[PDB]
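Asks: The structure's right below; bear with me while I get my questions together.
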Amino acid sequence: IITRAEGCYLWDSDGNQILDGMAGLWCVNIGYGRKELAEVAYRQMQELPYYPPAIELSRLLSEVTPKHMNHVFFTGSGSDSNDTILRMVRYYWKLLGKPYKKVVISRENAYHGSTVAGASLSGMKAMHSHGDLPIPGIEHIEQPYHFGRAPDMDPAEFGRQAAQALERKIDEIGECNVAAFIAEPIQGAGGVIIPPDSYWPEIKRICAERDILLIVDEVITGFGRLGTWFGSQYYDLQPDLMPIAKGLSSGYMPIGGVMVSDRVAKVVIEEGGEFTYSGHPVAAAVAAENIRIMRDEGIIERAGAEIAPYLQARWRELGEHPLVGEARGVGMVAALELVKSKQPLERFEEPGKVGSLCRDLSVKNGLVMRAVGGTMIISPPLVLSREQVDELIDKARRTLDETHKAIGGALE
Amino acid sequence: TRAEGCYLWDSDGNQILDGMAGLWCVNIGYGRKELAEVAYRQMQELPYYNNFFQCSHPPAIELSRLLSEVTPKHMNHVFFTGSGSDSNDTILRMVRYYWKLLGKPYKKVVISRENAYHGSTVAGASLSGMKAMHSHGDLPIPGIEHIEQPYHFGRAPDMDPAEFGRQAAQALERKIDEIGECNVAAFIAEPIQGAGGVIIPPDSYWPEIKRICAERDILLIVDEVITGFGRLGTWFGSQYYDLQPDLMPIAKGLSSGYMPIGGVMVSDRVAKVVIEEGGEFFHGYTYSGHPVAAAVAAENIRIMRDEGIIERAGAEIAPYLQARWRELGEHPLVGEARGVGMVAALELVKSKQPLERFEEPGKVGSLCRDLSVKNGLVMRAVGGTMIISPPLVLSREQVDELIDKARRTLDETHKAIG
C-alpha cells in the first residue's frame with residue numbers, strides 16, 4: 001500500500017523506500033513523479049474530453065517507428081489493439097481475394113490481450129479453458145523457451161527448431177489458410193522468454209517463402225524496453241503490424257495503438273475505406289508528451305548507452321548464486337531461474353510456490369520484482385541510474401540467500 | 001476544437017450546439033473544470049492497481065461503492081475495464097463461464113438482435129447486429145445468434161404496437177425453440193437501440209421479454225453503455241423499463257466522456273457463483289482499468305447526483321424536449337418523431353400519407369446531417385433517421401435553440417431534394 005511515488009521509488013504506509021524494479025506493469029518507462037504529464041492532461045481536459053492531440057501524436061510515432069510504418073490507428077488498450085489487428089489482417093486478405101486466408105498463429109505462453117480475441121491469441125492455457133477461447137482461426141506452436149523446453153540442445157540449434165515449428169504448422173493447416181503469425185519479440189507476461197538468436201532469423205525466412213504477414217506484439221517491448229525504440233528494430237524485424245500501448249503514456253493514461261506497414265495500409269485504405277479513427281484527446285495529448293520527454297531527454301538512448309549493458313553484466317553476475325540456474329538479460333528486461341540444483345540440474349518441484357516466496361520476500365527487503373513460476377523477472381524504468389542498479393543487485397542478493405535457506409530448512 | 005457547456009466552438013467562432021453529447025457520452029456537459037482537478041490529483045499518485053501494492057485512497061474503491069448506490073438494488077459488484085466494448089467481451093466470457101460452473105457447458109449461446117450495437121471488439125461486433133461489421137472476414141463468431149429488432153417503423157409500420165410489440169418479443173422465444181433451451185446462455189439488448197437509429201420499442205415488448213426470460217432458464221444482459229447515466233431520464237434504462245438484468249455493461253457516461261472507462265454490474269444471483277470458484281477467473285485486467293479513469297468517473301457521479309443532473313433531466317428538461325421534438329412530426333419530410341428522456345429520432349420520408357420511403361434513404365440523412373451542422377446543430381443520422389442525445393445539462397432556452405436549428409435544417413433539405 002503506497003502513499004508517495006516518485007523516480008524509481010514507492011513508499012509504504014511505513015515509509016520504506018521500495019525500488020520499483022518492475023516499473024508497475026512493464027510500462028512506467030520514464031519513471032514516476034513526472035508532473036510535466038499531469039499538466040498536459042489538465043489543460044487537455046479543459047479544451048476537450050471528446051473529439052488536436054491525435055495528429056501531433058501520429059507525427060512523433062512515424063519518427064520513432066522505422067520502415068514503412070507511417071499510419072497509426074489508436075485504441076483504448078493493447079488488449080483492443082490485437083482485436084483490430086486480427087480483424088484488419090483478414091480484411092487485408094479479403095480485399096485481395098483470399099478470404100479463406102484468415103488463420104492467425106500465436107505461440108504458447110505468449111500474451112496478446114484479455115479481450116475474447118486477444119485471450120484466444122494469448123497462449124496461456126489457464127485463460128483458454130474458462131469459456132470458449134480458441135475462436136476459429138487461432139493456432140498455437142511451441143515457445144522458443146530454451147531453459148524449459150530443451151535445456152541441453154544447443155541454443156544455436158534449438159533456436160532453428162522453435163521457428164520451423166511455425167513452418168510445420170503452416171504445412172499442416174494449408175499455407176493458403178494462414179493469414180499471419182504473431183508473437184512478442186520477447187514473451188514478457190509468460191516469464192522473460194528470450195528466444196535464441198537463430199529464432200527470429202528463421203521466422204523471417206518462413207514469413208517470406210510462405211506468404212504470411214508478420215505481426216509483432218510490442219506492448220511490453222515498445223518504447224525503450226529493449227534499449228531500442230522497439231523490440232522490432234532490436235531484432236531487425238520489419239513487422240507488418242505492431243500493437244503499442246503500455247509504453248505510449250508511460251503508464252499514466254489508457255491509450256493503445258496499432259502501427260501498420262505501407263503494405264497492409266495501402267490495400268486497407270485504397271481498396272477499402274469501409275473498416276472510426278484515433279483514440280481519446282486527453283490520453284493522446286498525454287501520450288505525445290511522454291514521447292517528447294523520452295526524445296529530448298533521450299532516456300531511450302541512455303537506456304542503451306549506459307544503463308543497459310551495465311545492468312546486464314550485473315544481473316549475469318547473479319547467475320552464480322546457489323539457486324540461480326540461468327540469468328537471461330536483454331535491454332532493460334532480465335530474468336533469473338530458481339532451480340533446486342544447477343550441476344545436477346534438478347528443476348524445483350512446483351517452482352510456482354518457491355518463486356512466489358522470493359517475490360514475497362523481495363518486498364520485505366524493499367525490491368519490486370515479479371515471479372512467474374520459478375522465474376524472477378525485472379523491468380526497471382528507463383530513468384534508473386547506474387548507481388541504482390547496484391541497489392538492485394544488493395537487494396536481490398539477500399533475497400535469494402534468504403530463500404536458499406528458507407526451503408532448505410524452515411518447514412522443508 | 002474548444003468546448004464549454006453544451007457548445008463546441010471552432011476556428012471561425014462558430015458556436016455549434018452539440019445535440020449528440022459527442023457520442024452519447026459527455027453527459028454533465030463540457031467544461032467541468034472540477035474533473036480535471038481530480039485527474040491531476042490521482043495522476044500524481046500511483047498509476048496502476050495490482051493486488052501487490054495499492055494506493056493511498058484507491059479510486060476504484062470509491063467509484064464501485066457509488067455504482068452500487070445508483071444501480072438496481074440487486075446489483076452490487078463491478079468489474080472495471082478499458083472501454084465499454086471491453087465490458088461486453090467480459091460479459092460474453094462471464095455469462096458462459098457462469099453455466100460451466102453450474103455444470104451446463106453446452107449452455108453457451110448468446111442471442112442478440114439485428115441492428116443492436118454492443119461494442120467494436122471481435123465479440124462486440126459479433127454481438128452487434130449491423131452486418132456491415134459482420135462482413136469483414138467473418139466477424140460472427142460461434143455462440144451468437146440474432147433475432148428481429150422491434151423497429152415498428154421499418155418493420156411493420158401499420159401494425160398495432162402492443163400487438164407488434166408482443167410479436168417481436170415472441171421472436172426471442174422462437175429462437176429458443178429453434179436453438180434448444182439448454183443451449184441458450186442469455187439474451188442481450190439495449191433498453192432502446194442507440195447507434196442504429198433510436199429504436200424505441202413498443203411498450204408491450206420489455207413486458208413480454210421479461211416473461212420469456214422467466215419461463216425459459218436464461219440470464220439477461222441489458223446493454224447500458226448508451227442508456228446509462230441518465231439518457232432515459234432515469235439513472236439507467238433498466239429503471240425506465242423495470243428490467244432486472246443479471247449483467248449490465250456501463251460506460252459512455254460513467255466518465256461523461258472525460259476518460260476511457262468500462263464496467264460490468266453483476267447481479268447477486270450470478271455473482272454468488274463467480275465468487276465461489278473465481279480464482280480461476282483471474283485475468284490481466286482484473287479490475288481498476290486505470291486509477292485515473294476511476295478517480296475522474298467517481299467525481300463525475302458526485303457532480304451528477306449532488307447537483308441533481310439525472311433528476312432535473314427526467315423531471316424537468318426531458319419532458320420539455322419530448323414535446324418540442326414532436327412539434328417536428330408536423331413537418332413535410334418528417335413522418336415520425338420518437339424519443340424518450342434524452343434521446344429522440346426524426347424519420348425522413350418521401351411522402352407522409354403514402355408512407356413512401358426514399359430510394360436510398362441513407363443519402364438524404366447525410367444531407368440533413370451536413371445541413372444541420374451548417375446551421376449550428378450536431379445531429380447524427382442513421383440512414384434516413386435523425387437522432388439526438390443532448391447533454392443532460394441542457395437548458396430550456398437551448399432545446400428551443402435545438403428545435404429551431406432543426407426546423408431550418410428540415411426546411412433546407414426539403415428544398416434541396418425537391
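Chain lettering (A, B, ...) mirrors the order of the C-alpha cells, residue numbering begins at 1 for each chain separately, and ligand numbering begins at 1 in order of display.
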Restrict the distance test to only C-alpha atoms, flag each residue of chain A within 8 Å of chain B, and return the flagged residues as a VMD selection string.
Replies: chain A and resid 1 to 5 24 to 25 33 to 35 38 to 39 41 to 43 45 to 52 76 to 77 80 83 to 84 87 to 88 90 to 91 94 99 102 114 to 117 126 to 127 130 to 132 135 to 136 251 to 254 275 280 282
Asks: Among range 128-230 of chain B, which residues does DSSP mark as strand (DSSP E or B) when it is run on the backbone? Keep the chain and numbering as in the structure and answer as JSON, numbers by chain.
Replies: {"B": [144, 145, 146, 147, 184, 185, 186, 187, 188, 189, 193, 195, 197, 199, 219, 220, 221, 222, 224, 228]}
Asks: Store the residues of this selection in a file with N, CA, C and O atoms, as a compact mmCIF listing (two decimals), in the first residue's frame.
Replies:
# COMPACT_ATOMS: atom_id res chain seq x y z
N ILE B 144 -23.16 -17.04 -30.99
CA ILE B 144 -24.08 -15.91 -31.07
C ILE B 144 -25.11 -16.18 -32.16
O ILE B 144 -24.78 -16.72 -33.22
N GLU B 145 -26.36 -15.79 -31.90
CA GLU B 145 -27.43 -15.72 -32.89
C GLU B 145 -28.03 -14.31 -32.89
O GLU B 145 -27.71 -13.47 -32.05
N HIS B 146 -28.92 -14.06 -33.84
CA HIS B 146 -29.65 -12.79 -33.82
C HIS B 146 -31.13 -12.98 -34.16
O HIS B 146 -31.48 -13.82 -35.00
N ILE B 147 -31.99 -12.18 -33.51
CA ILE B 147 -33.43 -12.19 -33.74
C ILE B 147 -33.84 -10.83 -34.32
O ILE B 147 -32.98 -10.04 -34.71
N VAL B 184 -29.08 -22.01 -24.88
CA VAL B 184 -29.09 -20.57 -24.67
C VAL B 184 -28.56 -20.23 -23.29
O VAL B 184 -29.11 -20.65 -22.27
N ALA B 185 -27.49 -19.42 -23.26
CA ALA B 185 -26.99 -18.88 -22.01
C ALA B 185 -27.73 -17.60 -21.61
O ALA B 185 -28.12 -17.45 -20.45
N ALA B 186 -27.95 -16.68 -22.55
CA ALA B 186 -28.51 -15.39 -22.19
C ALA B 186 -29.11 -14.71 -23.41
O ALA B 186 -29.15 -15.26 -24.51
N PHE B 187 -29.54 -13.48 -23.20
CA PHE B 187 -30.13 -12.65 -24.23
C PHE B 187 -29.83 -11.19 -23.90
O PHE B 187 -30.16 -10.72 -22.80
N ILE B 188 -29.18 -10.46 -24.82
CA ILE B 188 -28.72 -9.11 -24.54
C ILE B 188 -29.33 -8.11 -25.51
O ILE B 188 -29.44 -8.36 -26.71
N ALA B 189 -29.69 -6.95 -24.96
CA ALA B 189 -30.41 -5.90 -25.65
C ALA B 189 -30.11 -4.58 -24.93
O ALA B 189 -29.79 -4.56 -23.73
N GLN B 193 -32.45 0.93 -28.70
CA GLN B 193 -31.28 0.78 -29.56
C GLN B 193 -30.71 2.15 -29.92
O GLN B 193 -31.44 3.03 -30.38
N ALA B 195 -27.10 3.37 -31.61
CA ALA B 195 -26.39 3.74 -32.83
C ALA B 195 -27.07 3.23 -34.08
O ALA B 195 -26.61 3.59 -35.17
N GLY B 197 -30.22 4.03 -35.28
CA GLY B 197 -31.43 4.80 -35.05
C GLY B 197 -31.94 4.53 -33.65
O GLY B 197 -31.56 3.57 -33.00
N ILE B 199 -34.41 3.20 -31.55
CA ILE B 199 -35.42 2.20 -31.81
C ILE B 199 -36.15 2.05 -30.49
O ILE B 199 -35.77 1.26 -29.64
N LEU B 219 -30.13 -16.29 -18.30
CA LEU B 219 -29.76 -14.99 -17.77
C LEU B 219 -30.12 -13.90 -18.78
O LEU B 219 -30.36 -14.15 -19.97
N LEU B 220 -30.11 -12.67 -18.30
CA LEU B 220 -30.39 -11.46 -19.07
C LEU B 220 -29.25 -10.46 -18.93
O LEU B 220 -28.65 -10.31 -17.85
N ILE B 221 -28.94 -9.78 -20.03
CA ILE B 221 -27.82 -8.86 -20.13
C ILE B 221 -28.35 -7.61 -20.80
O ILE B 221 -28.65 -7.63 -22.00
N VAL B 222 -28.49 -6.52 -20.05
CA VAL B 222 -29.06 -5.28 -20.57
C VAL B 222 -27.91 -4.33 -20.87
O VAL B 222 -27.22 -3.89 -19.95
N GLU B 224 -26.28 -1.17 -21.16
CA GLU B 224 -26.47 0.20 -20.73
C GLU B 224 -25.25 1.08 -21.03
O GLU B 224 -24.97 2.04 -20.30
N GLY B 228 -27.17 4.37 -20.20
CA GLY B 228 -26.79 4.52 -18.81
C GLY B 228 -26.40 5.94 -18.45
O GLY B 228 -25.91 6.70 -19.28
Asks: Quick one: everything within 7 Å of residue 248 in chain B, counting only C-alpha atoms, minus sequence neighbours fewer than 2 positions away in the same chain. Send it as a list in words.
Replies: residues 221, 222, 223, 224, 245, 246, 250, 264, 265 and 266 of chain B
Asks: What parts of range 10-173 of chain B does DSSP call alpha helix (DSSP H)? I'd like the answer as a VMD selection string.
Replies: chain B and resid 21 to 24 33 to 44 59 to 70 84 to 100 124 to 127 131 to 134 161 to 173
Asks: Using only C-alpha atoms, which protein or nucleic acid residues come within 9 Å of range 314-318 of chain A? Drop anything in the same chain fewer than 2 positions from it, and give the result as a PDB file with N, CA, C and O atoms, in the first residue's frame.
Replies:
ATOM      1  N   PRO A 309      23.876  -2.035 -20.692  1.00  0.00           N
ATOM      2  CA  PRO A 309      24.985  -3.004 -20.639  1.00  0.00           C
ATOM      3  C   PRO A 309      25.494  -3.231 -19.233  1.00  0.00           C
ATOM      4  O   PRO A 309      25.911  -4.350 -18.894  1.00  0.00           O
ATOM      5  N   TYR A 310      25.448  -2.187 -18.401  1.00  0.00           N
ATOM      6  CA  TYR A 310      25.834  -2.324 -17.004  1.00  0.00           C
ATOM      7  C   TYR A 310      24.866  -3.253 -16.282  1.00  0.00           C
ATOM      8  O   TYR A 310      25.278  -4.142 -15.521  1.00  0.00           O
ATOM      9  N   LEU A 311      23.566  -3.072 -16.533  1.00  0.00           N
ATOM     10  CA  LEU A 311      22.550  -3.855 -15.844  1.00  0.00           C
ATOM     11  C   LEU A 311      22.533  -5.306 -16.320  1.00  0.00           C
ATOM     12  O   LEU A 311      22.070  -6.197 -15.590  1.00  0.00           O
ATOM     13  N   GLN A 312      23.050  -5.563 -17.520  1.00  0.00           N
ATOM     14  CA  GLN A 312      23.161  -6.932 -17.997  1.00  0.00           C
ATOM     15  C   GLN A 312      24.257  -7.691 -17.252  1.00  0.00           C
ATOM     16  O   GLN A 312      23.991  -8.717 -16.608  1.00  0.00           O
ATOM     17  N   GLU A 320      25.546 -17.028 -10.654  1.00  0.00           N
ATOM     18  CA  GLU A 320      26.370 -17.960  -9.890  1.00  0.00           C
ATOM     19  C   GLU A 320      25.766 -18.379  -8.562  1.00  0.00           C
ATOM     20  O   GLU A 320      26.220 -19.382  -8.000  1.00  0.00           O
ATOM     21  N   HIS A 321      24.773 -17.649  -8.050  1.00  0.00           N
ATOM     22  CA  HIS A 321      24.180 -17.970  -6.752  1.00  0.00           C
ATOM     23  C   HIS A 321      23.782 -19.442  -6.744  1.00  0.00           C
ATOM     24  O   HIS A 321      23.582 -20.044  -7.808  1.00  0.00           O
ATOM     25  N   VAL A 324      20.233 -19.763  -8.476  1.00  0.00           N
ATOM     26  CA  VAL A 324      20.079 -19.245  -9.831  1.00  0.00           C
ATOM     27  C   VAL A 324      20.683 -20.212 -10.843  1.00  0.00           C
ATOM     28  O   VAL A 324      21.899 -20.426 -10.866  1.00  0.00           O
ATOM     29  N   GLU A 326      19.766 -19.990 -14.565  1.00  0.00           N
ATOM     30  CA  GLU A 326      20.010 -19.134 -15.752  1.00  0.00           C
ATOM     31  C   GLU A 326      19.819 -17.665 -15.395  1.00  0.00           C
ATOM     32  O   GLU A 326      19.002 -17.373 -14.509  1.00  0.00           O
ATOM     33  N   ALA A 327      20.544 -16.786 -16.084  1.00  0.00           N
ATOM     34  CA  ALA A 327      20.412 -15.333 -15.863  1.00  0.00           C
ATOM     35  C   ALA A 327      20.208 -14.670 -17.222  1.00  0.00           C
ATOM     36  O   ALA A 327      21.205 -14.213 -17.813  1.00  0.00           O
ATOM     37  N   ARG A 328      18.965 -14.645 -17.704  1.00  0.00           N
ATOM     38  CA  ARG A 328      18.657 -14.053 -19.031  1.00  0.00           C
ATOM     39  C   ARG A 328      18.648 -12.531 -18.910  1.00  0.00           C
ATOM     40  O   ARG A 328      18.259 -12.029 -17.847  1.00  0.00           O
ATOM     41  N   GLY A 329      19.069 -11.831 -19.964  1.00  0.00           N
ATOM     42  CA  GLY A 329      19.161 -10.365 -19.884  1.00  0.00           C
ATOM     43  C   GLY A 329      19.305  -9.712 -21.242  1.00  0.00           C
ATOM     44  O   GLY A 329      20.372  -9.884 -21.856  1.00  0.00           O
ATOM     45  N   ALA A 334      15.084  -8.431 -17.860  1.00  0.00           N
ATOM     46  CA  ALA A 334      16.007  -9.515 -17.462  1.00  0.00           C
ATOM     47  C   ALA A 334      15.294 -10.508 -16.548  1.00  0.00           C
ATOM     48  O   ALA A 334      14.230 -10.153 -16.013  1.00  0.00           O
ATOM     49  N   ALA A 335      15.888 -11.686 -16.347  1.00  0.00           N
ATOM     50  CA  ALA A 335      15.220 -12.725 -15.535  1.00  0.00           C
ATOM     51  C   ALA A 335      16.201 -13.735 -14.940  1.00  0.00           C
ATOM     52  O   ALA A 335      17.243 -13.983 -15.559  1.00  0.00           O
ATOM     53  N   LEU A 336      15.858 -14.296 -13.780  1.00  0.00           N
ATOM     54  CA  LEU A 336      16.681 -15.359 -13.150  1.00  0.00           C
ATOM     55  C   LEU A 336      15.867 -16.650 -13.170  1.00  0.00           C
ATOM     56  O   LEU A 336      14.698 -16.613 -13.587  1.00  0.00           O
ATOM     57  N   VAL A 389      21.416   0.521 -10.110  1.00  0.00           N
ATOM     58  CA  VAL A 389      21.430  -0.889 -10.494  1.00  0.00           C
ATOM     59  C   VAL A 389      22.131  -1.679  -9.411  1.00  0.00           C
ATOM     60  O   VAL A 389      21.853  -2.866  -9.207  1.00  0.00           O
ATOM     61  N   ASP A 390      23.030  -1.016  -8.682  1.00  0.00           N
ATOM     62  CA  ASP A 390      23.726  -1.657  -7.583  1.00  0.00           C
ATOM     63  C   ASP A 390      22.805  -1.865  -6.395  1.00  0.00           C
ATOM     64  O   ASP A 390      22.883  -2.903  -5.729  1.00  0.00           O
ATOM     65  N   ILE A 393      20.994  -5.240  -7.477  1.00  0.00           N
ATOM     66  CA  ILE A 393      21.789  -6.442  -7.240  1.00  0.00           C
ATOM     67  C   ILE A 393      21.867  -6.776  -5.757  1.00  0.00           C
ATOM     68  O   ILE A 393      21.746  -7.943  -5.361  1.00  0.00           O
ATOM     69  N   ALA A 396      18.418  -8.068  -4.374  1.00  0.00           N
ATOM     70  CA  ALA A 396      18.166  -9.414  -4.869  1.00  0.00           C
ATOM     71  C   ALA A 396      19.034 -10.418  -4.143  1.00  0.00           C
ATOM     72  O   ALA A 396      18.561 -11.488  -3.749  1.00  0.00           O
ATOM     73  N   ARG A 397      20.306 -10.075  -3.948  1.00  0.00           N
ATOM     74  CA  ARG A 397      21.262 -10.987  -3.336  1.00  0.00           C
ATOM     75  C   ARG A 397      20.764 -11.507  -1.994  1.00  0.00           C
ATOM     76  O   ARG A 397      20.640 -12.724  -1.795  1.00  0.00           O
TER      77      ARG A 397
END
Asks: Against range 172-181 of chain A, which residues of range 15-118 of chain A fall within 9 Å? For each one I want the closest pair of atoms and the distance in Å (one decimal), counting only C-alpha atoms, rows by chain and increasing residue number, as JSON lines.
Replies:
{"residue": "A:86", "atom": "CA", "partner": "A:180", "partner_atom": "CA", "distance": 8.9}
{"residue": "A:89", "atom": "CA", "partner": "A:179", "partner_atom": "CA", "distance": 6.8}
{"residue": "A:90", "atom": "CA", "partner": "A:179", "partner_atom": "CA", "distance": 6.7}
{"residue": "A:93", "atom": "CA", "partner": "A:179", "partner_atom": "CA", "distance": 7.4}
{"residue": "A:98", "atom": "CA", "partner": "A:176", "partner_atom": "CA", "distance": 8.0}
{"residue": "A:99", "atom": "CA", "partner": "A:177", "partner_atom": "CA", "distance": 8.8}
{"residue": "A:100", "atom": "CA", "partner": "A:177", "partner_atom": "CA", "distance": 5.6}
{"residue": "A:101", "atom": "CA", "partner": "A:177", "partner_atom": "CA", "distance": 4.2}
{"residue": "A:102", "atom": "CA", "partner": "A:179", "partner_atom": "CA", "distance": 4.6}
{"residue": "A:103", "atom": "CA", "partner": "A:178", "partner_atom": "CA", "distance": 4.4}
{"residue": "A:104", "atom": "CA", "partner": "A:180", "partner_atom": "CA", "distance": 4.9}
{"residue": "A:105", "atom": "CA", "partner": "A:181", "partner_atom": "CA", "distance": 4.5}
{"residue": "A:106", "atom": "CA", "partner": "A:181", "partner_atom": "CA", "distance": 6.2}
{"residue": "A:107", "atom": "CA", "partner": "A:181", "partner_atom": "CA", "distance": 8.9}
